[PDB]
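Data first, discussion second: the structure below is written as structure tokens.
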Amino acid sequence: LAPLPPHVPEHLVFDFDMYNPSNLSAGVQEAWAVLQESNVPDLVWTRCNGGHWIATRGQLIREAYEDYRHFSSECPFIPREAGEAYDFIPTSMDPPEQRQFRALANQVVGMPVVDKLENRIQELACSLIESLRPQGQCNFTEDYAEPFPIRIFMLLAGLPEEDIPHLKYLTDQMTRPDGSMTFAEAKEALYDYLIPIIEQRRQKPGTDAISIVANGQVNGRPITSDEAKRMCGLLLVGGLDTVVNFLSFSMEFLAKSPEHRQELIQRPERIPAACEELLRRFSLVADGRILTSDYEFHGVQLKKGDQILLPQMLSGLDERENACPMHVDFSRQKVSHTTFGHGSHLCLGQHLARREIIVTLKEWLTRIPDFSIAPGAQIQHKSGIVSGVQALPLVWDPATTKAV
Ligand code: HEM
Ligand SMILES: CC1(C)[C@@H]2CC[C@@]1(C)C(=O)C2
Ligand SMILES: [K+]
């Protein structure tokens with residue numbers, strides 16, 4: 001706990017730690033939602049992790065993401081030193097400067113590219129699930145959640161699969177540090193990895209994501225080596241953590257809820273709607289912004305330089321945005337959320353993610369309609385910039401499955 005800053009009133013102190021929340025054993029989403037209780041003010045101050053504002057409601061979260069003149073992306077991570085070292089592109093930039101880099105990035109991970117990758121994404125999901133099918137059991141996190149999205153990203157990026165363990169290790173230290181590496185050391189190690197690759201692909205431009213970024217133009221002039229490295233590193237981090245953990249939360253839930261599996265098996269055309277309601281319920285990111293000057297927000301005085309966590313996971317969990325928010329309803333009429341961010345940095349890989357999510361639900365349920373959490377298992381979650389599942393042992397009777 002860091003010393004309470006002069007300007008912060010004692011009645012807003014809410015000592016939540018984002019890398020280690022108190023009710024974590026009840027589920028990471030439920031751990032974060034303690035912040036939405038009756039007693040908790042809309043905007044609170046935790047002294048954990050150096051000290052920072054935490055907006056707890058969707059209304060505040062959306063307005064701050066919208067207000068980039070006051071809440072800047074220049075230092076978007078907690079703790080402060082991680083935010084200061086953070087220089088990925090385009091996420092550490094604000095409009096207007098941000099915009100040109102974001103268009104290039106959009107060219108490598110957007111909808112047209114999801115369409116190109118459609119066949120491989122389908123093939124790999126079916127392949128991995130067919131492989132697990134006859135066993136009647138799997139360690140979901142290691143056997144599908146990780147390899148499915150990661151191998152598609154390594155494919156798009158034109159990087160060898162043998163590099164996965166190094167790169168996933170560095171990405172996880174940036175989002176759920178175990179103490180071994182600082183954010184800055186992790187980032188520098190990912191940049192170290194990309195340097196030569198960028199240089200090779202500048203000499204011999206190819207079709208992969210690194211070549212396209214490295215030889216790209218940002219509103220008409222050539223991107224530099226440095227800029228390409230800072231965009232590439234963001235891309236790997238984005239491709240190696242979020243979908244990976246998200247699939248685990250979603251399969252854990254389906255494993256615990258036979259009626260929801262029955263609904264998608266009966267009506268597969270509902271999978272896209274279900275994917276969105278799951279994104280709401282099992283939202284997992286929380287990053288933030290830095291105050292560009294003193295500013296009064298929802299009656300609380302913020303000081304220039306104050307950091308504020310704007311938990312994207314919190315907006316669709318807010319009872320004020322959705323009725324019975326902890327309830328999963330695939331027919332939910334207006335599924336409101338900020339899972340893919342909000343404002344000018346809206347996730348560019350959101351189309352790639354929804355395709356991986358919908359393919360996984362449809363192809364798993366097609367071959368392995370019925371499955372459960374391994375007997376006696378207690379699922380453990382983990383919290384941080386991206387929250388996740390430590391492990392997910394699933395079981396099923398092979399006699400109930402089908403090869404397709
Ligand atoms: C369920 C999966 C995903 C979730 C929940 C998610 C969430 C987010 C969020 C909340 C942001 C904004 C952060 C901020 O405002 O500081 C973001 C940005 C971004 N995401 Fe995703 N993401 C997912 C998947 C992906 C994938 C698969 C990629 C592909 C590499 C990716 C690439 C990006 C990029 C490049 C940005 C930066 C946009 C900018 O800064 O303008 N994301 N994502
Ligand atoms: C918060 C995020 C998911 C978003 C893309 C990857 C990520 C960890 C960032 O650094 C920006
Ligand atoms: K920074």
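The analysis underlying the following values was restricted to heavy atoms, covering all of them including side chains, and did not include hydrogens, waters or symmetry mates. All ligand and atom numbering here is 1-based and tracks the order in the structure. Throughout, residue positions are numbered sequentially from 1 according to the sequence presented.
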Under a 4.0 angstrom heavy-atom cut-off, which atoms of ligand 1 come close to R102? 38 (C), 39 (C), 41 (O)
Quick check: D287 and ligand 1, any N/O pair under 3.5 Å apart? yes
Atom 1 (C) of ligand 2 protein-contacted, heavy-atom criterion under 4.0 angstrom: yes
Counting heavy atoms only, name the option from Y68, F282, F340, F77 that's nearest to atom 11 (C) of ligand 1. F340
Which label fits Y86 and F183: parallel for a plane angle under 30°, tilted from 30 to 60°, or perpendicular past 60°? parallel
Could you list which atoms of ligand 2 come closer than 4.0 Å to a heavy atom of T242? 3 (C)
Against ligand 1, does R289 come closer than 4.0 Å with any heavy atom? yes
Which is the closest N/O/S atom of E74 when seen from the K ion (ligand 3)? O
Do any heavy atoms of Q98 fall under 4.0 Å from ligand 1? yes
Before signing off on this row, confirm whether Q350 and ligand 1 have an N or O atom pair separated by under 3.5 Å. no
Given that the side chain starts at C-beta and the backbone is N, CA, C, O, which of these parts of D241 lies under 4.0 Å from ligand 2, counting heavy atoms, or is it both or neither? neither
Any atoms of ligand 1 less than 4.0 Å from a non-hydrogen atom of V243? List them with their elements. 2 (C), 27 (C)
Could you tell me whether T91 approaches ligand 1 through its side chain, its backbone, both or neither, with non-hydrogen atoms closer than 4.0 Å? both
Taking 4.0 angstrom as the limit and counting only heavy atoms of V285, give me the atoms of ligand 2 inside it, by number and element. 1 (C)
Report the relative orientation of the aromatic rings in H70 and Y295; use parallel for angles under 30°, tilted for 30 to 60°, perpendicular for over 60°. parallel
Within the 4.0 Å heavy-atom shell around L235, which atoms of ligand 1 are there? 30 (C), 35 (C)
Tell me, with the steps shown, if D306 and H7 meet side chain to side chain donor-acceptor pair (under 3.5 Å). CA-CA 10 Å; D306 274 6; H7 73 308; 2.7 Å; yes
Under 4.0 Å, counting heavy atoms only: does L284 come that close to any atom of ligand 1? yes
Quick check: does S92 have an N/O/S atom under 3.4 Å of the K ion (ligand 3)? no
If we number the atoms of ligand 2 from 1 as shown, the ones under 4.0 Å from a heavy atom of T91 are 11 (C)
Atom 7 (C) of ligand 2 protein-contacted, heavy-atom criterion under 4.0 angstrom: no
Would you call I357 and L279 a side-chain contact if the rule is heavy atoms closer than 4.5 Å? yes
Checking contacts here: is it the side chain or the backbone of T338 that comes within 4.0 Å of ligand 1, counting heavy atoms only? Could be both or neither. neither
Check each of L234, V108, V109 against atom 36 (C) of ligand 1 and report the one with the nearest heavy atom. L234
Are any of the side-chain nitrogens in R280 or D318 under 4.0 Å away from the carboxylate oxygens of its partner? no
Taking 4.0 angstrom as the limit, do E252 and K256 come out as a salt bridge? yes
Can you list the atoms of ligand 1 that are under 4.0 Å from a heavy atom of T339? 5 (C), 7 (C), 10 (C)
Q333 CD: over 12 foreign heavy atoms closer than 6.0 Å: no
Pairing of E321 and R62 as salt bridge, 4.0 angstrom limit: yes
Between the side chains of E296 and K303, is the shortest nitrogen-to-carboxylate-oxygen separation below 4.0 Å, so that they form an ion pair? no
Checking distances from the K ion (ligand 3), one finds that the N, O or S atom of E84 closest to it is O
Report whether any nitrogen, oxygen or sulfur of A85 sits less than 3.4 Å from the K ion (ligand 3) (N, O or S, backbone or side chain). no
NZ/NE/NH1/NH2 to OD/OE distance under 4.0 Å, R221 and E227: yes
With a heavy-atom distance limit of 4.0 Å, tell me whether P76 approaches ligand 1 through its side chain, its backbone, both, or neither. neither
Ligand 1 atoms in contact with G239 (distance to a heavy atom under 4.0 Å): 30 (C)
Nearest-option assignment for atom 6 (C) of ligand 1, heavy atoms, candidates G238, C347, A353: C347
Would you say the ring centroid of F88 lies under 6.0 angstrom from that of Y191? yes
I want to check a possible cation-pi pair here: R289 against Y65, using under 6.0 Å from ring centre and within 45° of the ring axis as the test. no
Between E130 and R133, does at least one N-O distance fall below 4.0 Å, as a salt bridge requires? yes
Between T292 and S72, does a side chain to side chain donor-acceptor pair (under 3.5 Å) hold up when you go through it step by step? CA-CA 6 Å; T292 58; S72 171; over 6 Å; no
Ring centers of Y68, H345 separated by less than 6.0 Å: no
Answer yes when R332 and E276 have at least one side-chain N-carboxylate O distance shorter than 4.0 Å, and no when they do not. no
Can you sort out which atoms of ligand 2 are near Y86, meaning under 4.0 Å from one of its heavy atoms? 9 (C), 10 (O), 11 (C)
Measure centre to centre between the rings of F71 and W53, then say whether the value is under 6.0 Å. no
Closer than 3.4 Å to the K ion (ligand 3), do we get an N, O or S atom from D87, backbone or side chain? no
Select the closest option to atom 5 (C) of ligand 2 among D287, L234, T175, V237, judged by heavy-atom distance. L234
Nearest option to atom 12 (C) of ligand 1, as decided by whichever heavy atom of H351, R99, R355, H345 sits closest: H345
Report yes or no: does a heavy atom of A105 sit under 4.0 Å from some atom of ligand 1? no
Should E146 and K168 count as an ion pair when the cut-off is N to O under 4.0 Å? no
O (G83) - the K ion (ligand 3) - O (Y86) angle, nearest 10°: 80°
Side chain, backbone, both or neither: which applies to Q312 and ligand 1 if a contact is any heavy-atom pair less than 4.0 Å apart? side chain
Under 6.0 Å from the CD atom of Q380, do we count more than 12 heavy atoms belonging to anything else shown? no
